[PDB]
Each structure stands twice: as structure tokens, then as C-alpha cells.
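What follows is a single structure, written as C-alpha cells, with notes after it.
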Amino acid sequence: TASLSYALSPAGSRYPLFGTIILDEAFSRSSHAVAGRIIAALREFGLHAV
Amino acid sequence: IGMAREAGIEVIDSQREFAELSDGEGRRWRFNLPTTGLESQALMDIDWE
């Protein structure tokens, strides 16, 4: 997610110009607290997500 | 049990102690449990997400 976010952030910006992302099996391997850790990191990275 | 272990409230388990409780749709059941006791201080000190 970090690599994707920075990659999508154009020059002169730190946030992904293409804000939307898809996440299949979003959390099919983690418990809700750790999934929420992903939520925090993902969202904090300037990412609109599905 | 997970909160007890995460915060630090330790759990002992060699015992047969029982309870009787019902699930979401009224169907009732009998339970067997391990030995331990939860406390507010350890849980409020530790964080949750």
C-alpha cells in the first residue's frame, strides 16, 4: 500500500492522484484489531479504498 | 480470555467449573470454563483497535 500510494502520487504531491484502490479478501486472514491496523495504515496513506 | 492475556491478566486452567447460558435465538446450553478473573485496570491500560 505504501509503495502504491507513493507511486500514484504525482510529482509535487505526496498523495496518490488515483485515490481509489480495490482489496479482495480484504481481511480474510486477520482479526478485527489487526484488520483495523490495515485500515488505519491504508486510509492514512491517502487511499480511497473498496 | 484474549483480553486477559493481552493486557496481562493471566489465566489458569485445570478445573471443571460450569455455567448455563443461551445463544442468540433462545436455545440454551451448558458450558465448562477455565479459572481466571478479569480486571478493569489492566484492560483500560492496554489499547484496542
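Each eigenvalue of the Cα gyration tensor of chain A, multiplied by 5 and square-rooted, gives one semi-axis; in descending order these are 23, 10, 7 Å. Taking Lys and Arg as +1 and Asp and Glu as -1, the other residues whose beta-carbon sits under 14 Å from that of A:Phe45 total +2. For the protein assembly as shown, the ratio of Cα radius of gyration to the globular rule of thumb 2.2 N^0.38 Å stands at 1.70. Working from Cα pairs under 8 Å separated by at least six residues, relative contact order for chain B is 39 percent.
Helix A:32-44 and the longest principal axis of the Cα set of chain A meet at an angle near 10°. Approximating the spin labels as points 7 Å out from Cα along Cα→Cβ, the A:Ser31-to-B:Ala42 distance works out to 1.4 nm.
Remark: spin-label model distance B:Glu6-A:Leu4 equals 2.5 nm, labels positioned 7 Å along the Cα→Cβ axis.
Taking other Cβ within 10 Å of each residue's Cβ, how do B:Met44, B:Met3 sort, fewest first? Numbers along the way, then the final one.
Details: B:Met44 9, B:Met3 13.
Lowest count first: B:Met44, B:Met3.
Amide H contacts of A:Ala49 (H built 1.01 Å from N, in plane; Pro and chain starts excluded): A:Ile21 sit under 5 Å, all sequence-distant by 5 or more or on other chains. Helical runs (DSSP H, four residues minimum) scored at -39500 (n - 2.57) apiece and divided by the length of chain A put the mean residue ellipticity at 222 nm at -11500 deg cm²/dmol. A simple rule links phi to the HN-Hα coupling: the Karplus curve 6.51 cos²θ - 1.76 cosθ + 1.60 with θ = phi - 60°, which for segment B:28-36 gives 9, 7, 10, 10, 10, 9, x, 9, 4 Hz, with x for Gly and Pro.
Can you give the calculated 222 nm mean residue ellipticity of chain B, where each DSSP H run of n ≥ 4 adds -39,500 (n - 2.57) and the sum is split over every residue, rounded to the nearest 500 deg cm²/dmol?
On the way: 2 runs with 12 residues, N = 49.
It lands at -5500 deg cm²/dmol.
Karplus-based coupling profile of segment A:45-50, in residue order and whole Hz: 6, x, 9, 6, 9, 10, with θ = phi - 60° in 6.51 cos²θ - 1.76 cosθ + 1.60 and x standing for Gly or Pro. Its alpha carbons considered, chain B gives a radius of gyration followed by a Dmax of 13.8, 36 Å.
FYI, it's all coordinate maths here, none of it is from the lab. Neighbour counts are summed over all protein chains in view; Cβ atoms, including those assigned to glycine, are modelled from backbone coordinates with ideal geometry.
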